[PDB]
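2 protein chains.
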Amino acid sequence: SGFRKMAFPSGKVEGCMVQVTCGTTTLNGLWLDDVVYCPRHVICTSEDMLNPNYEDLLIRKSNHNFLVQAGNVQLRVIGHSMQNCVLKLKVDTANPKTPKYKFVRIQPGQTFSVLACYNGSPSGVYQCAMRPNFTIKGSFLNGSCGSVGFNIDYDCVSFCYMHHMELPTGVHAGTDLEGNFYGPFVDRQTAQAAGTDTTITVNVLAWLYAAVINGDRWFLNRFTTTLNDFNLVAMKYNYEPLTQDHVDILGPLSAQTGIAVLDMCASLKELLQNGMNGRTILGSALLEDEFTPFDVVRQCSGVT
Amino acid sequence: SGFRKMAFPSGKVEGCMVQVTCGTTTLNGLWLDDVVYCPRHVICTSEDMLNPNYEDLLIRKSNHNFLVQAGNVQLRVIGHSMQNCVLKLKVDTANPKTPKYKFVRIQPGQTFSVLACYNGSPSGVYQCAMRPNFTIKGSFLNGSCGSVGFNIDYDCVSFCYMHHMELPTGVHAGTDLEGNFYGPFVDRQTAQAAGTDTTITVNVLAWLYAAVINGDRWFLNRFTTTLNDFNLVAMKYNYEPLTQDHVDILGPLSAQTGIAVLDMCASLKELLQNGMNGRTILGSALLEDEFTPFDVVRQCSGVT
Ligand SMILES: *CC(=O)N1CCN(Cc2ccc(Br)s2)CC1
Ligand SMILES: *CC(=O)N1CCN(Cc2ccc(Br)s2)CC1
């Protein structure tokens, strides 16, 4: 029993973290096979970051300008290229610790683990979600850029995030491993405001199921609702509209607890309308939305 | 910016996890040098667990009865002994992935990372605290026993916890790596009630400092208090008494933010007396008490 915000074990990703230095900017890179992936703003002077022309800035850089260090050993750079907002540095040595891996672009509402790194050294690991506004709520200081987000399916690491920037509101923007930003964000120091941070309804419902499975039940009521009725309440409280797709995904949690999805929706509706009246759910005083239905099943069934 | 509940990177501990089977009970073991550490209840039949005599049960076990598997490779057991509530299985091979390590017994209020494992395979990593009642609030299903808690100081893993049992109230009890239980708990299926789960005051204050450092400031007020006055409020709300020792430990966070510890105490006093009036602090609607002053400094300064 017990339900915790849980990150994937980070060992497989720890083995991929390196330090990348171009001029006097040091950040993190991801070493997979004979390629090191890092944010392209590694080539910038803070001066450059107001309106950088990355193609023009990169022309001034040679393979020998990219200093790549895996622990205390230097990697020899034999090629470099820009793909969207990331640099691919070809090195002469395949990373012997390369796990089985994929590059995936996640949808908003999907969760992943971040391995926060500084100078190619891991500091810690925490669980995040791609917000509906395409930001993440991370923990990233200067030097953390090039830290990556990932999911693990048994033996295969799916990399989904590379950290690139902090908005003035203290939230985080980055790319997939093809260097495409999540949302409308650019690697430029400019006016970039996040949109509405809407709540991930399907995740809150997943987490209500997790609560019931672990003995927190005070919020179950005698009520039911419809998708259309519930969605009127979701609109009012800046919750994502719930779809039949979301209901279908909650099917297994429904089946295990014997609580119909629309009944749990009615519980969530009362919680939205009435708040928690100073009570808690799985040690939280707000509705948690960074567990997916897949996350709740995984943790509740002890998958490795 | 941003502040997250952050676990240590788990790679160094992943390399130490094995599976231990005695008869038909499988749980996790910790392989360090040529010793595998595991809970002694691995020798029990669920029958035994009502009133087990571990010394008598162990006499029926031989080295060849302890099946120890590191991934898909079996370790040869050449010795076994009981130390308090753990078994030490001597194997013929030193773990080549043994990190630099220590065994430490933590005090209540200290935080650590758990690597949840099943059948010697890591499922995930989360951050815990030794509660003042000597329980932890974990995520542990059947098969998770022998999962370990740890801290990392640069290169040295300090193991502080091995998981042994769940109380009927859904909270967790275990041992240090010398096999001594935290608190009064025994490895017997009996009437074991946790005492008062008091709040770790010094940690809440550490986390209020972390909030100020990351721009959450609405809860700063015009007030101050004294240790004795604050402690009257802590008593009323089942908070640990704050000592000069705690004030001294908060010294660096005080110095960095320029908010005197007793002023932050007065903020905490108003929060206790008035609640958060539907507001949040670092994305929480309750007062977080599982960050130490050391944790806040580490995360706020990017230590690896
Ligand atoms: C995420 C992170 O580490 N940083 C620091 C770098 N910053 C952009 C810059 C790159 C080169 C220089 Br000089 S400034 C983004 C945030
Ligand atoms: C923490 C954990 O995995 N478990 C399962 C084992 N249980 C005690 C027992 C050991 C042998 C048998 Br059969 S039952 C404690 C909780």
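Protein chains in written order, with my numbering: chain A, 380 to 683; chain B, 380 to 683. Beta carbons are placed, not taken as given, at the ideal position from N, Cα and C, and that holds for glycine.
With 16 as the cutoff for other CB atoms within 10 Å, does B/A449 come out buried or exposed? Buried, by the Cβ-count rule.
Output yes if chain B places a C-beta closer than 8 Å to the C-beta of A/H551; else output no. Yes, contact with chain B.
Span of the alpha helix (DSSP H), counted from its first residue to its last, around B/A634: Run containing B/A634: 630 to 636, per the alpha helix (DSSP H) assignment.
Can you find a CB in chain A that lies within less than 8 Å of the CB of B/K516? Interface residue (Cβ-Cβ distance to chain A less than 8 Å): B/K516 is classified as such.
Straight-line gap, B/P672 to B/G630 (C-alpha atoms, nearest Å): About 9 Å.
Those residues, in chain order, that have a beta-carbon closer than 6 Å to some heavy atom of ligand 1: Per the CB criterion, closer than 6 Å to any heavy atom of ligand 1, the qualifying residues run in chain order as A/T404, A/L406, A/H420, A/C423, A/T424, A/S425, A/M428, A/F519, A/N521, A/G522, A/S523, A/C524, A/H542, A/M544.
Residues of its chain near A/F513, where Cβ-Cβ distance is below 6 Å and the 5 sequence neighbours each way are ignored: Take A/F513, set aside five residues on each side of it, and the residues of its chain with a beta-carbon closer than 6 Å to its own are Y561, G562, in chain order.
Tell me whether B/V565 is buried or exposed, calling it buried when 16 or more other Cβ atoms sit within 10 Å of its Cβ. Within 10 angstroms of the beta-carbon of B/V565 lie fewer than 16 other beta-carbons, which makes it exposed.
Just how far apart, CA to CA, sit B/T580 and B/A634? For the pair B/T580 and B/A634, the Cα-to-Cα distance works out to about 19 Å.
What's the call for residue 694 of chain B, buried or exposed, on a 16-neighbour Cβ count within 10 Å? Nothing can be reported for residue 694 of chain B, as the shown portion of chain B is limited to 380 through 683.
The stretch 656 to 666 of chain B / the stretch 659 to 677 of chain A touching (three or more Cβ pairs under 8 Å): By the Cβ rule, the stretch 656 to 666 of chain B counts as touching the stretch 659 to 677 of chain A, because three or more pairs are nearer than 8 Å.
B/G458 classed as buried or exposed, judged by whether at least 16 other C-beta atoms fall within 10 angstroms: Result: exposed.
Under 8 Å between beta-carbons, which chain A residues line up against B/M544? List them in chain order, please. Neighbours of B/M544 across chain A, judged by C-beta separation under 8 Å, do not exist; the nearest C-beta is about 11 Å away.
Using a Cβ-Cβ cut-off of 6 Å (strictly less than) and excluding sequence neighbours within five positions of B/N530, which residues of its own chain qualify? The answer, listed in chain order, is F491, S537.
Exposed unless 16 or more other CB atoms sit within 10 angstroms - verdict on B/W597: Exposed, since its Cβ has fewer than 16 Cβ neighbours within 10 Å.
Is it right to say B/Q652 is buried, meaning 16 or more other beta carbons lie within 10 angstroms of its own, or is it exposed? Within 10 angstroms of the beta-carbon of B/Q652 lie fewer than 16 other beta-carbons, which makes it exposed.
Proximity of B/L494 and B/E557 at Cβ, strictly below 8 Å: Contact flag unset, no.
Rounded to whole angstroms, what is the Cα-Cα separation between B/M396 and B/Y416? So the two alpha carbons sit approximately 10 Å from each other.
DSSP three-state label for A/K481, please. Assignment of A/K481 by DSSP, reduced to helix, strand and coil, places it in the strand class.
Note down, in chain order, each residue of its chain lying with its Cβ closer than 7 Å to the Cβ of B/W410, except the 5 sequence neighbours on either side. Within the same chain, Cβ atoms closer than 7 Å to the Cβ of B/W410 are found at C395, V397, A449, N474, the five residues on either side in sequence being excluded.
Flag this pair as touching only if the stretch 468 to 482 of chain B and the stretch 640 to 652 of chain B have three or more C-beta atom pairs under 8 Å; answer yes or no. Segments in contact, no.
Which residues in the same chain as residue 347 of chain B place their Cβ atom closer than 8 Å to its Cβ, once the five residues preceding and following it in sequence are excluded? The structure shown has nothing for residue 347 of chain B, since chain B only spans 380 to 683.
Should A/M509 go down as buried or exposed, given a rule of 16 or more other Cβ atoms within 10 Å for buried? Flag for A/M509 reads buried.
Cβ of B/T580 less than 8 Å from any chain C Cβ? In summary, chain C is missing from the structure at hand, where the protein chains are A and B.
Candidates B/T604, B/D471, B/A590, B/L647: closest to A/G549 by CA position: Checking every option, the nearest Cα to that of A/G549 belongs to B/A590.
Inspect the beta-carbon positions of A/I485 and A/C539 and report whether they are closer than 8 Å. The answer is yes: Cβ separation under 8 Å.
Just checking my contact of B/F445 with B/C507 at CB under 8 Å: how many whole Å lie between their CB atoms? The Cβ separation is near 28 Å, so there is no contact.
Who are the neighbours of B/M428 on chain A, taking C-beta pairs under 8 Å? Annotation: B/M428 has no Cβ neighbours in chain A at a cutoff of 8 Å; minimum Cβ distance is about 17 Å.
With a threshold of 6 Å on Cβ separation, who are the neighbours of A/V626 within its own chain once the five nearest residues in sequence on each side are excluded? Closer than 6 Å at Cβ, skipping near neighbours: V640.
Pop quiz: A/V456 and A/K469 are said to be a contact at Cβ under 8 Å. What is the actual Cβ separation, rounded to whole angstroms? By a beta-carbon distance limit of 8 Å, A/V456 contacts A/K469. Their separation comes to about 7 Å.
Kindly say whether B/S502, judged by its beta-carbon, lies nearer than 8 Å to any beta-carbon of chain A. So, interface residue.
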